[PDB]
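Residue numbers (the deposited numbering), protein chains in the order written: chain N, 346 to 363, 381 to 460; chain M, 1316 to 1392, 1404 to 1446, 1476 to 1622, 1624 to 1749, 1784 to 1976, 1997 to 2222. Report on the following structure.
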Ligand SMILES: [Zn+2]
Ligand SMILES: [Zn+2]
């Protein structure tokens, strides 16, 4: 497989593009502390009540320390949402919205 | 006393302890039932090294898994007792195809429903069933009922807002209720069985300031439920709004999932007229739903818990699963993903995957003309099931479905109406993505079969001395070449009998209808058919010319009456020349017609032009003279009166023989208003801009027909022609956006075509063709963008909030 190139190596080969600013930001970030990057995990489902309670407890835990990053993952709904010509008096898109 | 009957509800005992399900079976005595452990049905086709890799703890070899048709070639044509975590069992020392696959992954509760019949005479009890559910509310009345059939007290929570008395005393409502109860008694004695309904229901409205008190009242109602009866209690909850909530509130209670009418008549001080009808519907529907569930389960061997409120296509799923389980091949059903579950991927995407779902539209053949003898003909319906039956006169699944369809057709004749309903809804299930066991290949192949069916019908009509001037696959339009009189219409019936008898079909619609003694055929919405189906006396009982004129509507509201009046004048003139030609014989009639109406046409043209000379530049007139903005057309204004005469030319241009006389009239008109004898500006080039969803269906009517949003009348999109039921807006927007974006990804997945050689881009690294010409292409973005603009115009026309959101997203 074609060998890769380090981001720093790629940058130095292509030259400066958008050192003093980068090192200042690096020093500031090292000064920065406890910045939490929280990722819930793949396929969070809003339909399930047990998963809803688990996510509520997770939000309670995150309330103690608000993360500087939070990621919400794909497939928010449990089952695929799509057009329904045989509507059950309420569109699946409406449940997805709710 | 203990099971030995049908189970109304089948649900998991708990998230923990997988494989053990609770049973809500109502015994011939007092409900009560349970189920043991059921293994996780998942076939990996491999068993030799399965044991060392995982503890499957149940053996199955020699085609353990099922291969079912799909895009991957591998999936094209052993369940684990414990739900063990997967541990890379894809490796297969059996020399079979690598990969465990998930061709048959179903919940065991669904699987046991698939494996076993409903009964474990469905249930002929004299048992009473409770009838508490959410009563329909018009706007915000929050109507609800806590009613026990044995309790005799409606004990409604209806009119929950205490500020306003939404619920009426219902004393006069009660007496009208009873008098219709004897009026509707004939269905009542049938509904009086299986549940106490003949009893009069009192009215006791309860007002709740806070909804938590309402929840407490429901909890206390549940505390009554299964204690007032002690044992042997059934509940009927047909309210979709509270169907999900009550199941959580109720513990181990039994209730069917089927729904009653979603809402009642929107009437809130005068709620009595609609409360009365809603409660009548409720009491009749108790017994109606009970009997319908019983007979459908007898036909289906499925529990009442099976969902049919949206459609009985889930029953179609369970029956097809049972049928496949009989054969060596095993079902592809998958509740989790409504997409078909063939092999293990179930999610592979390629050109064929989009190919099968897209372009599922019925092709239409149109020949614009005016003819001596035109018949709109039978207008065959439900051509999908007819075609699939006539095909019997992948291949294994096709054969299984054909056998099931023949079985249902045998049931569809001289049997219960449930069999007929299931036959009608089988076509919808074949195309419904929401219904599981739905294959994109199956839908595409049924569409292609209908295409060949239309082709064979065209070929059969070709032999007859008649021409198919239009083809809709819902109504088929043919004119007869001969100028024969009334006796031909009886002869037309005889010949179309002879035509339909010849092939080996019997499912197409008979009773030729809506013959047109004269038709000026432009499209679906612009025509002048006369003397529809009758005793066929050839215009004696002349039905007035039905003429939608989606282009005439486009016109300026003041020029519209003039255009319509002149088309009646034109129609009368051609009719008179038609009797003249018929008497002469005892389109030459149209040829004489042309010279007949030439002088009035030209004289009125200039007259109108001369009037327009002063008519123009008038603020009162120009307000009327402005052409209404419609989604169909984008042509220039070009002196709307000139648009009128151009439209007249276009509607006249249909008659091939008179085209020379039409040219004479055009020369006369260009003498009337200065313009070159032949001109592109003189050419019409009318834009249609038809936005159509392929094979749209109405769930109540089950009819399959393409719906054209721009061209059809505003209520025509809303309400289908077959049944009075009106399409909901949300599904309309969903389907329109479906087609729009599906075309967008199609644009993203196209294959380039060369300039000189015109080959296809078999090369990913092309950078100009290996031919001298470059890769031209097929269908770029720009007119897709103008179609987006037409979508926006419709969005102004029709609220279409989902469409508005889609447009907003696409702009970004
Ligand atoms: Zn319909
Ligand atoms: Zn080339």
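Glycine is no exception: its CB is placed at the ideal position from the N, C-alpha and C atoms.
In chain N, which residues lie less than 9 Å from residue i when you measure between Cβ atoms?
i               : result
residue 2148(M) : 444 and 445
residue 1652(M) : Simply none; closest approach about 17 Å.
residue 1818(M) : 447 and 448
Can you find the residues in the same chain that come closer than 6 Å, C-beta to C-beta, to residue i, ignoring five residues on each side of it along the sequence?
i               : result
residue 1817(M) : 1740 and 1741
residue 1929(M) : 1907 and 1921
residue 1563(M) : 1515 and 1569
residue 2207(M) : none
residue 2118(M) : 2100 and 2102
Residue i touches chain M at which residues, Cβ-Cβ below 9 Å?
i              : result
residue 437(N) : Residues of chain M passing the Cβ test: none, with the nearest at roughly 11 Å.
Look up residue i in the DSSP assignment and give the residues it is bridged to.
i               : result
residue 1322(M) : 1340(M)
residue 1909(M) : 1727(M)
residue 2118(M) : 2102(M)
residue 1860(M) : 1722(M) and 1867(M)
residue 2185(M) : 2164(M)
residue 2136(M) : 2129(M)
residue 1945(M) : According to DSSP, which records beta bridges pairwise, residue 1945(M) is partnered with nothing at all.
residue 1485(M) : 1590(M)
residue 1327(M) : 1336(M)
residue 1511(M) : 1500(M) and 1560(M)
Would you give the residue range spanned by the alpha helix (DSSP H) that residue i belongs to?
i               : result
residue 1675(M) : 1669–1682
residue 2036(M) : No alpha helix (DSSP H) holds residue 2036(M); DSSP gives it neither H nor E.
residue 2056(M) : 2050–2062
residue 1835(M) : 1830–1853
residue 1809(M) : 1807–1821
residue 1869(M) : Segment 1866–1870 is the beta strand (DSSP E) holding residue 1869(M); no alpha helix (DSSP H) there.
residue 1974(M) : 1949–1975
residue 400(N)  : Run containing residue 400(N): none in the alpha helix (DSSP H); it sits in the beta strand (DSSP E), 399–401.
residue 1980(M) : Since the numbering of chain M jumps from 1976 to 1997, residue 1980(M) cannot be located in this structure.
residue 1600(M) : 1595–1604
residue 433(N)  : Where residue 433(N) is concerned, there is no enclosing alpha helix (DSSP H), although the beta strand (DSSP E) it sits in stretches over 431–433.
residue 1649(M) : 1628–1656
residue 444(N)  : Per DSSP, residue 444(N) belongs to no alpha helix (DSSP H) and is neither H nor E.
residue 1799(M) : 1785–1802
For residue i, which residues from the same chain have a beta carbon less than 7 Å from its beta carbon, with the 5 sequence-adjacent residues on both sides left out?
i               : result
residue 1862(M) : 1720
residue 1949(M) : 2050, 2051 and 2054
residue 2114(M) : 1740, 1817, 2105 and 2107
residue 1810(M) : 1802
residue 1631(M) : 1523, 1525 and 1528
residue 2145(M) : 2103 and 2106
Could you list which residues in chain N have their beta carbon closer than 7 Å to that of residue i, in chain order?
i               : result
residue 1692(M) : 441
residue 1665(M) : 450
residue 1823(M) : 444
residue 1433(M) : Going along chain N, no residue has its Cβ under 7 Å from residue 1433(M), so there is no contact; the nearest lies around 13 Å.
residue 2044(M) : Under the 7 Å cutoff, chain N gives no residues; its nearest Cβ is about 29 Å from residue 2044(M).
residue 2138(M) : 449
residue 2212(M) : 455
residue 1606(M) : Under the 7 Å cutoff, chain N gives no residues; its nearest Cβ is about 15 Å from residue 1606(M).
residue 1617(M) : 451
residue 1829(M) : Chain N residues near residue 1829(M): none, gap ~16 Å exceeds 7 Å.
How would you list, in chain order, the residues of chain M whose beta-carbon sits under 8 Å from the beta-carbon of residue i?
i              : result
residue 418(N) : Near residue 418(N) there are no residues of chain M at all, since even the closest Cβ is about 17 Å away, more than 8 Å.
Hey, could you find the ends of the beta strand (DSSP E) residue i is sitting in?
i               : result
residue 1350(M) : 1349–1352
residue 2018(M) : Premise fails: residue 2018(M) lies in the alpha helix (DSSP H), 1998–2025, not in any beta strand (DSSP E).
Run through chain M and tell me which residues come within less than 7 Å of residue i, C-beta to C-beta.
i              : result
residue 412(N) : 1330
Starting from the beta carbon of residue i, find every residue of chain N whose beta carbon is closer than 8 Å, and list them in chain order.
i               : result
residue 1489(M) : Chain N residues near residue 1489(M): none, gap ~12 Å exceeds 8 Å.
residue 2145(M) : 445 and 447
residue 2109(M) : 447, 448 and 449
residue 1962(M) : Within chain N, no residue comes near residue 1962(M); the closest Cβ sits about 44 Å away, beyond 8 Å.
residue 1737(M) : Near residue 1737(M) there are no residues of chain N at all, since even the closest Cβ is about 17 Å away, more than 8 Å.
residue 2141(M) : 445, 446, 447, 449 and 453
residue 1595(M) : 450, 451 and 452
residue 1669(M) : 448
Could you name the residues of the same chain whose beta carbon sits closer than 8 Å to that of residue i, not counting the 5 residues immediately before and after it, in chain order?
i               : result
residue 2045(M) : 2053, 2095, 2096 and 2097
residue 1505(M) : 1483, 1485, 1551, 1583 and 1584
Entirely within the region 1534–1560 of chain M and at least 4 residues each: give me those alpha helix (DSSP H) ranges in chain order. For the region 1534–1560 of chain M, the continuous alpha helix (DSSP H) assignments of 4+ residues that do not extend past its boundaries occur at 1540–1547, in sequence order.
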